[PDB]
Amino acid sequence: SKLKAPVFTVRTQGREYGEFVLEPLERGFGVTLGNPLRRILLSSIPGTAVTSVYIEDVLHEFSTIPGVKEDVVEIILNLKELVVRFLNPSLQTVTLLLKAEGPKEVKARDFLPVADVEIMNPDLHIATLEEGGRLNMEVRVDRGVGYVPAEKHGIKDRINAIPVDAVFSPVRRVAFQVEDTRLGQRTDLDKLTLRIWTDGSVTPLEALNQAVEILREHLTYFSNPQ
Amino acid sequence: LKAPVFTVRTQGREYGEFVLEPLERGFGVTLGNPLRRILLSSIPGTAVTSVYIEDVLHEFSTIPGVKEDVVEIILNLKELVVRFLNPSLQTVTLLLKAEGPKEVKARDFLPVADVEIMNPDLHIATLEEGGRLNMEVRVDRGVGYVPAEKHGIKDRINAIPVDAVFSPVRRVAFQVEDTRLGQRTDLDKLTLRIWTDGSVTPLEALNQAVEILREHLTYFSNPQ
Amino acid sequence: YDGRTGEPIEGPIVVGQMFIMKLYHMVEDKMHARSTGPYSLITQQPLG
Amino acid sequence: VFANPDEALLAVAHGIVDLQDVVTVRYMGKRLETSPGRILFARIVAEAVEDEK
Amino acid sequence: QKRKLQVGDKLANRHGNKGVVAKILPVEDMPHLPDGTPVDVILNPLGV
Ligand SMILES: [Mg+2]
């Protein structure tokens, strides 16, 4: 009397949030499946991030620039919010150039275009300039997974460059829920809900499909002993 | 990271160690825990389900010439380990006939084709001179833990249903060590330790658990 | 270790062996319900 | 120094910091100096009443 | 009748700690030692 195959339903709004439901399951299988997928979603999905920044006439990370409202920390904090997608599978790392003159507001769309490189949030605010303000900045973007602090990689292309924390993972947050359900005379069944937040570079449904394939590939390693 | 190497170390039909290395940081728990949860709950085995003893009406009675009562005898029958050699076999009945004085062990059951007893030295009852024991034991195949009240299996009028513990897996643990590969230093080394009763080998149980997890991963395929 | 996740509890836990008894008061002997039933002679109220 | 509550809590999942360590987090347009666990408590209330402000 | 432990039954030790059984968990859900041995009973430290 094996259980019938469960039903997989989806409820996705936009490109940044989705809910996924799978029921019915055997007792204890909601925890068996929810935890491994949650761990994979937060550490293994490929992505892109900013790893270093060079600003003209700037010495260290805790200083301030004359002619701009923001300090060095706030500019760096805004760079960590930038979402960029590579259109070339062979492309590994690119550099972005920015030149601005006051008193305008610097946006993400003010970066010079690069082929096979796309900005996903061009309306992101960078800095505010005033009369007599200068900003000469160079941003280096890499590929990777997970979360790597600046002091770990410590990447500096040139002299007086500031490494930044690399938020590689496109997934922003994962939360799963397990509820008791029933099917006739069976009362200890499981219903699993999976909720995913993403930055839009990959759809939440895309991230789930990649996480399942990573787990399936690791299961084929129990094949050839010695 | 390059594909890990798989290593197997086995001690008889009851213990085994399985090693997979090197893995990425955190993947030892990601792989180890789901396998342990499946191994302890979802592996099929066999169990004693119903017993009939001649001249016995229920389990709250005694037998002349026998030291133990029916409750104690049934508690001894829950420790019997039976291995089916045919995958198509679902149920068998074992017969025992004894006259005292003697200590009757599990090896006193009559031989049956495609059936093997894994603990022949299991004590069952003590017979004094003048005592007799004539019983039939039914062994089924199943999964999980099923109380006698749920199945209520009786082959005849005076049979006594028995609670079934079908799982052949006794104990599971996994270890995570700190390995390295060249410059990379935060890699994982995973070891699985499995204890079984002998009717299923630890390597057989590991293969069946991996298939259960792989089968469940196909349920995420068609969004309805 | 946590059986649901496989991760350790964040602090060491006191673990040991203890002697525990099962008491005479069981829920099997105490659950009761009624819709209608016997009534009293004089007051015609339900019995207790 | 974290740019938002999501980044600070992602660092906790990777074991970089604990929920009791005092750090710098940007939240609701202000540069706060708190722990990730106090930021986590604020999100519990905000989502329960469905009004961040 | 033969009675097994169930939710609603009362347990106690010799030092005056008592309580009713509220939950029965499968073995893979219980906390366990690094060698794989799971515990039998979980007691709240707030009663001490
Ligand atoms: Mg057994």
# chains A, B, ... in the order shown; residues from 1 in each chain; ligands from 1

call {"tool": "select_by_dssp", "arguments": {"residues": "chain C", "states": "strand (DSSP E or B)", "output": "list in words"}}
result
residues 21, 22, 39 and 46 of chain C

call {"tool": "residues_near_ligand", "arguments": {"ligand": "ligand 1", "cutoff": "8 Å", "atoms": "only C-alpha atoms and all ligand atoms", "output": "ChimeraX atom specification"}}
result
/B:45-47,78-81,164-168,197

call {"tool": "write_last_selection", "arguments": {"atoms": "C-alpha atoms", "output": "compact mmCIF listing (two decimals), in the first residue's frame"}}
result
# COMPACT_ATOMS: atom_id res chain seq x y z
CA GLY B 45 12.52 -5.86 6.35
CA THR B 46 10.72 -8.80 7.96
CA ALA B 47 9.06 -9.36 11.33
CA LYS B 78 10.29 -10.33 18.63
CA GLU B 79 14.09 -10.79 18.59
CA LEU B 80 14.08 -13.40 15.80
CA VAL B 81 15.85 -12.41 12.57
CA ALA B 164 5.76 -5.79 14.08
CA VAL B 165 9.05 -3.88 13.89
CA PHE B 166 10.04 -4.37 10.26
CA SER B 167 13.11 -2.13 10.11
CA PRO B 168 16.40 -4.04 9.61
CA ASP B 197 20.67 -7.10 11.91

call {"tool": "interface_residues", "arguments": {"of": "chain E", "to": "chain B", "cutoff": "12 Å", "atoms": "only C-alpha atoms", "output": "list in words"}}
result
residues 1, 2, 3, 4, 26, 27, 28, 29, 30, 32, 33, 34, 35, 36, 37 and 38 of chain E

call {"tool": "interface_residues", "arguments": {"of": "chain C", "to": "chain B", "cutoff": "12 Å", "atoms": "only C-alpha atoms", "output": "PDB file with N, CA, C and O atoms, in the first residue's frame"}}
result
ATOM      1  N   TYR C   1      23.400  16.495  18.776  1.00  0.00           N
ATOM      2  CA  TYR C   1      23.005  16.810  17.411  1.00  0.00           C
ATOM      3  C   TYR C   1      21.488  16.829  17.282  1.00  0.00           C
ATOM      4  O   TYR C   1      20.777  16.103  17.981  1.00  0.00           O
ATOM      5  N   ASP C   2      20.998  17.673  16.378  1.00  0.00           N
ATOM      6  CA  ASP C   2      19.576  17.753  16.073  1.00  0.00           C
ATOM      7  C   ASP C   2      19.227  16.735  14.994  1.00  0.00           C
ATOM      8  O   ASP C   2      19.850  16.712  13.928  1.00  0.00           O
ATOM      9  N   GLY C   3      18.229  15.895  15.275  1.00  0.00           N
ATOM     10  CA  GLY C   3      17.861  14.857  14.328  1.00  0.00           C
ATOM     11  C   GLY C   3      17.174  15.385  13.086  1.00  0.00           C
ATOM     12  O   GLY C   3      17.254  14.768  12.022  1.00  0.00           O
ATOM     13  N   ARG C   4      16.493  16.527  13.198  1.00  0.00           N
ATOM     14  CA  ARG C   4      15.775  17.083  12.058  1.00  0.00           C
ATOM     15  C   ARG C   4      16.705  17.767  11.061  1.00  0.00           C
ATOM     16  O   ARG C   4      16.448  17.718   9.854  1.00  0.00           O
ATOM     17  N   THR C   5      17.781  18.397  11.533  1.00  0.00           N
ATOM     18  CA  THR C   5      18.683  19.144  10.666  1.00  0.00           C
ATOM     19  C   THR C   5      20.072  18.538  10.543  1.00  0.00           C
ATOM     20  O   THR C   5      20.734  18.755   9.527  1.00  0.00           O
ATOM     21  N   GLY C   6      20.531  17.792  11.543  1.00  0.00           N
ATOM     22  CA  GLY C   6      21.877  17.263  11.545  1.00  0.00           C
ATOM     23  C   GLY C   6      22.928  18.195  12.106  1.00  0.00           C
ATOM     24  O   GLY C   6      24.096  17.798  12.203  1.00  0.00           O
ATOM     25  N   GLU C   7      22.553  19.424  12.476  1.00  0.00           N
ATOM     26  CA  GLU C   7      23.420  20.425  13.076  1.00  0.00           C
ATOM     27  C   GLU C   7      23.385  20.317  14.598  1.00  0.00           C
ATOM     28  O   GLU C   7      22.373  19.909  15.175  1.00  0.00           O
ATOM     29  N   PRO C   8      24.476  20.672  15.272  1.00  0.00           N
ATOM     30  CA  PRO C   8      24.506  20.555  16.733  1.00  0.00           C
ATOM     31  C   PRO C   8      23.663  21.627  17.403  1.00  0.00           C
ATOM     32  O   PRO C   8      23.411  22.695  16.843  1.00  0.00           O
TER      33      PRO C   8
END

call {"tool": "closest_atom_pairs", "arguments": {"of": "chain A", "to": "chain C", "cutoff": "8 Å", "atoms": "only C-alpha atoms", "output": "CSV"}}
result
residue,atom,partner,partner_atom,distance
A:31,CA,C:4,CA,6.4
A:32,CA,C:4,CA,7.6
A:35,CA,C:5,CA,6.4

call {"tool": "write_last_selection", "arguments": {"atoms": "C-alpha atoms", "output": "compact mmCIF listing (two decimals), in the first residue's frame"}}
result
# COMPACT_ATOMS: atom_id res chain seq x y z
CA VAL A 31 11.95 17.78 6.99
CA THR A 32 13.99 15.29 4.94
CA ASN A 35 16.53 21.20 4.98

call {"tool": "interface_residues", "arguments": {"of": "chain B", "to": "chain A", "cutoff": "9 Å", "atoms": "only C-alpha atoms", "output": "PyMOL selection string"}}
result
chain B and resi 3-8+18+20+26-27+29-31+33-35+37-38+41+206-207+210-211+213-214+216-224

call {"tool": "atom_distance", "arguments": {"atom1": "atom CA of residue 171 of chain A", "atom2": "atom CA of residue 5 of chain D"}}
result
13.8 Å

call {"tool": "residues_around", "arguments": {"residues": "residue 141 of chain B", "least_positions_apart": "2", "cutoff": "12 Å", "atoms": "only C-alpha atoms", "output": "PyMOL selection string"}}
result
chain B and resi 43-49+81-84+86-92+138-139+143-146+164-168+199

call {"tool": "closest_residue", "arguments": {"among": "D:35, D:52, D:45, D:15", "to": "chain C", "atoms": "only C-alpha atoms"}}
result
D:15

call {"tool": "interface_residues", "arguments": {"of": "chain C", "to": "chain E", "cutoff": "12 Å", "atoms": "only C-alpha atoms", "output": "JSON, numbers by chain"}}
result
{"C": [1, 2, 3, 4, 5, 6, 7, 8, 9, 12, 13, 14, 15, 16, 17, 18, 19, 20, 21, 22, 23, 24, 25, 26, 27, 28, 29, 30, 31]}

call {"tool": "write_last_selection", "arguments": {"atoms": "N, CA, C and O atoms", "output": "mmCIF file, in the first residue's frame"}}
result
data_model
loop_
_atom_site.group_PDB
_atom_site.id
_atom_site.type_symbol
_atom_site.label_atom_id
_atom_site.label_comp_id
_atom_site.auth_asym_id
_atom_site.auth_seq_id
_atom_site.Cartn_x
_atom_site.Cartn_y
_atom_site.Cartn_z
ATOM 1 N N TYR C 1 23.400 16.495 18.776
ATOM 2 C CA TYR C 1 23.005 16.810 17.411
ATOM 3 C C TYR C 1 21.488 16.829 17.282
ATOM 4 O O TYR C 1 20.777 16.103 17.981
ATOM 5 N N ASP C 2 20.998 17.673 16.378
ATOM 6 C CA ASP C 2 19.576 17.753 16.073
ATOM 7 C C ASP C 2 19.227 16.735 14.994
ATOM 8 O O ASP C 2 19.850 16.712 13.928
ATOM 9 N N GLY C 3 18.229 15.895 15.275
ATOM 10 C CA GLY C 3 17.861 14.857 14.328
ATOM 11 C C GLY C 3 17.174 15.385 13.086
ATOM 12 O O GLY C 3 17.254 14.768 12.022
ATOM 13 N N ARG C 4 16.493 16.527 13.198
ATOM 14 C CA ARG C 4 15.775 17.083 12.058
ATOM 15 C C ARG C 4 16.705 17.767 11.061
ATOM 16 O O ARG C 4 16.448 17.718 9.854
ATOM 17 N N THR C 5 17.781 18.397 11.533
ATOM 18 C CA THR C 5 18.683 19.144 10.666
ATOM 19 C C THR C 5 20.072 18.538 10.543
ATOM 20 O O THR C 5 20.734 18.755 9.527
ATOM 21 N N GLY C 6 20.531 17.792 11.543
ATOM 22 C CA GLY C 6 21.877 17.263 11.545
ATOM 23 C C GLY C 6 22.928 18.195 12.106
ATOM 24 O O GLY C 6 24.096 17.798 12.203
ATOM 25 N N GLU C 7 22.553 19.424 12.476
ATOM 26 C CA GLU C 7 23.420 20.425 13.076
ATOM 27 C C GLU C 7 23.385 20.317 14.598
ATOM 28 O O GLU C 7 22.373 19.909 15.175
ATOM 29 N N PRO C 8 24.476 20.672 15.272
ATOM 30 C CA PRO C 8 24.506 20.555 16.733
ATOM 31 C C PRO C 8 23.663 21.627 17.403
ATOM 32 O O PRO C 8 23.411 22.695 16.843
ATOM 33 N N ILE C 9 23.217 21.322 18.624
ATOM 34 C CA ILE C 9 22.692 22.370 19.485
ATOM 35 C C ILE C 9 23.835 23.323 19.817
ATOM 36 O O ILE C 9 24.994 22.915 19.964
ATOM 37 N N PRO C 12 26.381 22.949 24.899
ATOM 38 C CA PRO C 12 26.388 21.591 25.457
ATOM 39 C C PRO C 12 25.190 21.360 26.368
ATOM 40 O O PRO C 12 24.755 22.257 27.093
ATOM 41 N N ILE C 13 24.661 20.142 26.324
ATOM 42 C CA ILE C 13 23.417 19.792 26.994
ATOM 43 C C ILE C 13 23.706 18.717 28.032
ATOM 44 O O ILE C 13 24.559 17.849 27.821
ATOM 45 N N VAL C 14 23.003 18.787 29.160
ATOM 46 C CA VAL C 14 23.148 17.803 30.225
ATOM 47 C C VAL C 14 22.378 16.546 29.835
ATOM 48 O O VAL C 14 21.164 16.591 29.613
ATOM 49 N N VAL C 15 23.088 15.422 29.747
ATOM 50 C CA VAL C 15 22.520 14.150 29.318
ATOM 51 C C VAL C 15 22.928 13.075 30.317
ATOM 52 O O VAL C 15 24.083 13.025 30.751
ATOM 53 N N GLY C 16 21.983 12.222 30.681
ATOM 54 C CA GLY C 16 22.284 11.157 31.609
ATOM 55 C C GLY C 16 21.177 10.131 31.678
ATOM 56 O O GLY C 16 20.300 10.077 30.816
ATOM 57 N N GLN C 17 21.235 9.315 32.725
ATOM 58 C CA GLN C 17 20.308 8.214 32.938
ATOM 59 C C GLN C 17 19.467 8.493 34.177
ATOM 60 O O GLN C 17 19.995 8.893 35.218
ATOM 61 N N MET C 18 18.156 8.282 34.064
ATOM 62 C CA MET C 18 17.235 8.610 35.143
ATOM 63 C C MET C 18 16.185 7.517 35.289
ATOM 64 O O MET C 18 15.866 6.806 34.333
ATOM 65 N N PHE C 19 15.649 7.399 36.503
ATOM 66 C CA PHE C 19 14.643 6.401 36.843
ATOM 67 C C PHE C 19 13.280 7.080 36.912
ATOM 68 O O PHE C 19 13.069 7.974 37.740
ATOM 69 N N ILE C 20 12.357 6.653 36.052
ATOM 70 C CA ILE C 20 11.061 7.301 35.888
ATOM 71 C C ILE C 20 9.964 6.252 36.018
ATOM 72 O O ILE C 20 10.094 5.138 35.500
ATOM 73 N N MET C 21 8.885 6.610 36.713
ATOM 74 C CA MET C 21 7.770 5.714 36.983
ATOM 75 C C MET C 21 6.537 6.119 36.182
ATOM 76 O O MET C 21 6.351 7.290 35.841
ATOM 77 N N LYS C 22 5.694 5.131 35.889
ATOM 78 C CA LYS C 22 4.410 5.344 35.231
ATOM 79 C C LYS C 22 3.306 5.236 36.278
ATOM 80 O O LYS C 22 3.159 4.194 36.923
ATOM 81 N N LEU C 23 2.532 6.304 36.438
ATOM 82 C CA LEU C 23 1.605 6.406 37.554
ATOM 83 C C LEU C 23 0.228 5.850 37.197
ATOM 84 O O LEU C 23 -0.101 5.607 36.034
ATOM 85 N N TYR C 24 -0.584 5.657 38.239
ATOM 86 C CA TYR C 24 -1.882 5.003 38.114
ATOM 87 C C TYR C 24 -2.893 5.834 37.332
ATOM 88 O O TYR C 24 -3.862 5.276 36.810
ATOM 89 N N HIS C 25 -2.686 7.144 37.227
ATOM 90 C CA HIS C 25 -3.656 8.039 36.598
ATOM 91 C C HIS C 25 -3.410 8.066 35.095
ATOM 92 O O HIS C 25 -2.456 8.683 34.619
ATOM 93 N N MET C 26 -4.280 7.401 34.339
ATOM 94 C CA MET C 26 -4.168 7.314 32.890
ATOM 95 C C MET C 26 -5.391 7.940 32.235
ATOM 96 O O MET C 26 -6.505 7.845 32.758
ATOM 97 N N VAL C 27 -5.174 8.582 31.083
ATOM 98 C CA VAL C 27 -6.251 9.262 30.374
ATOM 99 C C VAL C 27 -7.300 8.282 29.865
ATOM 100 O O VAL C 27 -8.433 8.680 29.578
ATOM 101 N N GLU C 28 -6.952 6.999 29.754
ATOM 102 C CA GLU C 28 -7.907 6.003 29.285
ATOM 103 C C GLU C 28 -9.089 5.860 30.238
ATOM 104 O O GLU C 28 -10.218 5.616 29.796
ATOM 105 N N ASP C 29 -8.857 6.023 31.537
ATOM 106 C CA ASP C 29 -9.889 5.852 32.549
ATOM 107 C C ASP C 29 -10.649 7.134 32.863
ATOM 108 O O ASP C 29 -11.561 7.103 33.694
ATOM 109 N N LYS C 30 -10.305 8.255 32.228
ATOM 110 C CA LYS C 30 -10.818 9.550 32.648
ATOM 111 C C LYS C 30 -11.589 10.308 31.575
ATOM 112 O O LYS C 30 -12.285 11.271 31.912
ATOM 113 N N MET C 31 -11.494 9.914 30.308
ATOM 114 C CA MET C 31 -12.207 10.613 29.248
ATOM 115 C C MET C 31 -13.663 10.159 29.208
ATOM 116 O O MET C 31 -13.947 8.958 29.205
#
